[PDB]
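K.L.:
Numbering (the deposited numbering) for the sequence shown: 1 to 330. C-beta atoms are modelled at their ideal positions from N, C-alpha and C, and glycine is treated no differently.
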Amino acid sequence: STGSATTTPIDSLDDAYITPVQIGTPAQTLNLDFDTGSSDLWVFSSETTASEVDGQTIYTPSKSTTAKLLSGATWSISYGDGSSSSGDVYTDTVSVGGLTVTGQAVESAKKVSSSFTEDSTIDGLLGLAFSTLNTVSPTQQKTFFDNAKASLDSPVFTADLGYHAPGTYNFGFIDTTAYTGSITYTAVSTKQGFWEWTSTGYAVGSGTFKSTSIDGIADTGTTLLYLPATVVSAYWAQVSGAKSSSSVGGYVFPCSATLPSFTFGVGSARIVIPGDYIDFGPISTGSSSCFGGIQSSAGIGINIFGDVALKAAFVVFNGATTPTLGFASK
Numbered sequence: 001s002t003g004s005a006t007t008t009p010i011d012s013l014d015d016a017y018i019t020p021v022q023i024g025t026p027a028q029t030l031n032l033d034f035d036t037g038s039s040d041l042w043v044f045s046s047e048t049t050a051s052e053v054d055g056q057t058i059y060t061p062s063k064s065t066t067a068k069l070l071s072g073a074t075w076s077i078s079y080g081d082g083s084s085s086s087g088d089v090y091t092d093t094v095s096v097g098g099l100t101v102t103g104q105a106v107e108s109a110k111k112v113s114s115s116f117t118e119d120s121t122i123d124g125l126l127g128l129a130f131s132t133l134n135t136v137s138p139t140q141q142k143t144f145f146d147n148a149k150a151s152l153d154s155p156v157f158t159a160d161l162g163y164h165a166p167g168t169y170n171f172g173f174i175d176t177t178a179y180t181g182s183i184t185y186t187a188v189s190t191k192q193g194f195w196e197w198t199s200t201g202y203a204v205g206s207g208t209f210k211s212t213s214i215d216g217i218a219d220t221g222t223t224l225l226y227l228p229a230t231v232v233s234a235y236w237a238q239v240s241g242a243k244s245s246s247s248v249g250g251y252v253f254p255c256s257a258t259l260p261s262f263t264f265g266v267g268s269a270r271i272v273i274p275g276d277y278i279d280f281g282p283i284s285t286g287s288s289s290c291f292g293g294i295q296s297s298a299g300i301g302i303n304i305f306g307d308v309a310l311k312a313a314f315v316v317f318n319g320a321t322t323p324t325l326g327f328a329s330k
């Protein structure tokens, strides 16, 4: 089997991407944030505290003939940005782009934090990291990809995020028409539950590539690119008027600036992030100061190859017995 679904930016900055997911019988279609940095599939629902729902489409398990309550099960998650959610647990039939998993754990939110309530476009998350991070208790549950794996033509999914445009998540096959040149594969460590890999270095604009190991995670659920302070300083030093602002919360630059590209290494291959991808717009409405898309990971505890980096590539998440990551230009 295979599946193929279009993923769409939620706003004009590509702050996140949503992908339609069919849950239950008859299908209830919710738009979920596919997140390769977490491992819970959770949804706004008929059980979510009413005052914490603001425009989202909700899953109503009592209207699904295939929903089953996982007796006594609970879940509770906190994300790197400080957001959180919690609730109880159902299993139900879940389909993504034609690919169906029966008995998928669907985590129903009873409570969500303000940042989720305030985002009317995101009806929940679909986690695609390793199932060892799943937060269901007393028994951890498997991700959609883990459940689907044995049925897939090949044990892979791919992320092909668009810049200010729709993209694609594919399951079970590599679309050889979706990238230029070849895919370079690189080792993954699953020790922390993430798609964790080591980049071979970086370049700023037309600068000579610096060979240096940068351990980080491929995380479709994080907007920006977070890298060591040394690397990030070297980047913004090439932008006139750029500075790190403690009040804004990161590097900012004059909106009139021409941003250099940023290159990261994948083995001996190179992925080039165009300068425009690094522009996340006015720091507030009407401001002539803009927020940068490359920020320091200092304080996070890990480097994160988020959407800013991933949308510059066709990315293979290879869930073979020994997982790997593949990157191609496109």
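For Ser296, name the three-state secondary structure that DSSP assigns.
P.N.:
Position 296 of the sequence shown, counting from 1, holds the residue named residue 296. If DSSP states are grouped into helix, strand and coil, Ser296 belongs with the strands.
K.L.:
Which of helix, strand or coil does DSSP assign to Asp279?
P.N.:
Here residue 279 refers to the residue found at position 279 when the sequence shown is read from its first residue. Residue state, collapsed to three classes: strand.
K.L.:
Determine contact between the segment 50-60 and the segment 303-322, defined as no fewer than three beta-carbon pairs at a distance below 8 Å.
P.N.:
At 8 Å Cβ cutoff, the stretches do not touch.
K.L.:
Please state the DSSP three-state secondary structure of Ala218.
P.N.:
Walking along the sequence shown from the start, residue 218 turns up at place 218. It is a strand residue.
K.L.:
Where does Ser45 fall in DSSP's three states?
P.N.:
As a working mapping, residue 45 is identified with position 45 in the sequence shown. The answer is strand: DSSP assigns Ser45 an E or B state.
K.L.:
For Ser199, I'd like the list of residues in its chain whose CB is within less than 6 Å of its CB, leaving aside the five on either flank, ordered along the chain.
P.N.:
For the purposes of this step, residue 199 is taken as the residue at position 199 of the sequence shown. Taken in chain order, the residues that qualify are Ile214, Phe264 and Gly265.
K.L.:
Would DSSP call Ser151 helix, strand or coil?
P.N.:
Along the sequence shown, read from residue 1 onward, the residue named residue 151 stands at position 151. DSSP places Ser151 in helix when its eight states are reduced to three.
K.L.:
Rounded to whole angstroms, what's the CA-CA distance from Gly3 to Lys330? Just pull it up for me.
P.N.:
Walking along the sequence shown from the start, residue 3 turns up at place 3. Walking along the sequence shown from the start, residue 330 turns up at place 330. Looking at the two C-alpha atoms, the distance is approximately 21 Å.
K.L.:
State yes or no: is the C-beta of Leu32 within less than 8 Å of the C-beta of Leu128?
P.N.:
The residue you call residue 32 lines up with position 32 of the sequence shown. The residue you call residue 128 lines up with position 128 of the sequence shown. Cβ distance not < 8 Å, so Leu32 and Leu128 don't count as in contact.
K.L.:
Is the distance from the Cβ of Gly250 to the Cβ of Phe291 below 8 Å?
P.N.:
To locate residue 250, count along the sequence shown from 1; it is residue 250. To locate residue 291, count along the sequence shown from 1; it is residue 291. Yes, these two residues count as a Cβ contact at 8 Å.
K.L.:
So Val156 and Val96 are in contact, right, with Cβ under 8 Å, and what is the actual spacing, rounded?
P.N.:
In the sequence shown, residue 156 corresponds to position 156, counting from 1. In the sequence shown, residue 96 corresponds to position 96, counting from 1. Not quite, the Cβ-Cβ distance comes to about 14 Å (not below 8 Å), so this is no contact.
K.L.:
How would you label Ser240, buried or exposed, when you count the other beta carbons within 10 angstroms and need 16 or more for buried?
P.N.:
As a working mapping, residue 240 is identified with position 240 in the sequence shown. Classification for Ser240: exposed.
K.L.:
Secondary structure at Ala105, three-state DSSP: helix, strand or coil?
P.N.:
Mapped onto the sequence shown, residue 105 falls at position 105. Strand.
K.L.:
Taking buried to mean at least 16 other C-beta atoms within 10 Å of its own C-beta, is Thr177 buried or exposed?
P.N.:
The sequence position of residue 177 within the sequence shown is 177, counting from 1. The residue is exposed, with fewer than 16 neighbouring Cβ atoms inside 10 Å.
K.L.:
Pick helix, strand or coil for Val136, following the three-state DSSP scheme.
P.N.:
Here residue 136 refers to the residue found at position 136 when the sequence shown is read from its first residue. Residue state, collapsed to three classes: coil.
K.L.:
Taking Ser62 as the reference, give the member of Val231, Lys142, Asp219 and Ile23 with the closest Cα.
P.N.:
In the sequence shown, residue 62 corresponds to position 62, counting from 1. With distances taken between Cα atoms, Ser62 lies closest to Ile23.
K.L.:
Measure the alpha-carbon distance for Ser1 versus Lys111 and round it to whole angstroms.
P.N.:
Taking the sequence shown and counting its residues from 1, one reaches residue 1 at position 1. Taking the sequence shown and counting its residues from 1, one reaches residue 111 at position 111. When rounded, the distance between both Cα atoms is 35 Å.
K.L.:
Which residue comes first and which comes last in the alpha helix (DSSP H) that contains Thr117?
P.N.:
Taking the first residue of the sequence shown as 1, we reach residue 117 at position 117. Unbroken alpha helix (DSSP H) run through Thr117: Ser114 to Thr117.
K.L.:
Quick one: measure Cβ to Cβ for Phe305 and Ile183, integer angstroms, because I've assumed they're closer than 8 Å.
P.N.:
By one-based count along the sequence shown, residue 305 stands at place 305. By one-based count along the sequence shown, residue 183 stands at place 183. About 16 Å; that fails the 8 Å criterion.
K.L.:
How many angstroms separate the CA atom of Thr230 from the CA atom of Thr93?
P.N.:
Along the sequence shown, read from residue 1 onward, the residue named residue 230 stands at position 230. Along the sequence shown, read from residue 1 onward, the residue named residue 93 stands at position 93. Near 47 Å, if we compare the C-alpha coordinates of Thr93 and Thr230.
K.L.:
Let's test the definition: count the other Cβ atoms within 10 Å of the Cβ of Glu118 and tell me whether it reaches 16, buried, or not, exposed.
P.N.:
Numbered from 1 along the sequence shown, position 118 holds the residue referred to as residue 118. The residue in question, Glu118, is exposed, as its Cβ has fewer than 16 Cβ neighbours within 10 Å.
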